[PDB]
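> Per the authors' numbering, residue 6 is the first one in the sequence shown, and the count goes up by one each step. Here a beta-carbon is modelled for each residue, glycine too, at the ideal position from N, C-alpha and C. Sharing a structure here in structure tokens format.
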Amino acid sequence: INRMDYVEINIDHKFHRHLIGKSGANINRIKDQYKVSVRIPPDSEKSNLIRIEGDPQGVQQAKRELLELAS
């Protein structure tokens, strides 16, 4: 019960690098701000897809927040 909720955002453009910033930082901003687990998967070819997983609404909030703001 409770487990951990996850979701993948269909990304493509240079979102990862932009998000991770220098060497990955934003991933922590949300992971802490939204108490979620946002991770940027490297090595891409055709399409991109970030992995987001948390528990409370935070995971779904940060998820949609990225797909929209993608800050």
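Starting from residue 59, trace the beta strand (DSSP E) in both directions and tell me its first and last residue.
Looking at the DSSP string, the run of the beta strand (DSSP E) that includes residue 59 is 53-59.
> For residue 50, which three-state DSSP category applies?
Looking at residue 50 - three-state DSSP - the assignment turns out to be coil, as it is neither helix nor strand.
> Would you check if the distance between the CB atom of residue 58 and the CB atom of residue 10 is smaller than 8 Å?
Yes, the Cβ-Cβ distance between residue 58 and residue 10 is below 8 Å.
> Tell me the DSSP bridge mates of residue 42?
Answer by DSSP bridge pairing, in chain order: 58.
> Short of 6 Å in beta carbon distance, which residues of its chain neighbour residue 52, apart from the five on each side in sequence? Order them along the chain.
Once the five neighbours on either side are set aside, the close Cβ partners of residue 52 are 17.
> Mark residue 32 as exposed unless 16 or more other C-beta atoms lie within 10 angstroms of its C-beta, in which case mark it buried.
Residue 32 comes out buried.
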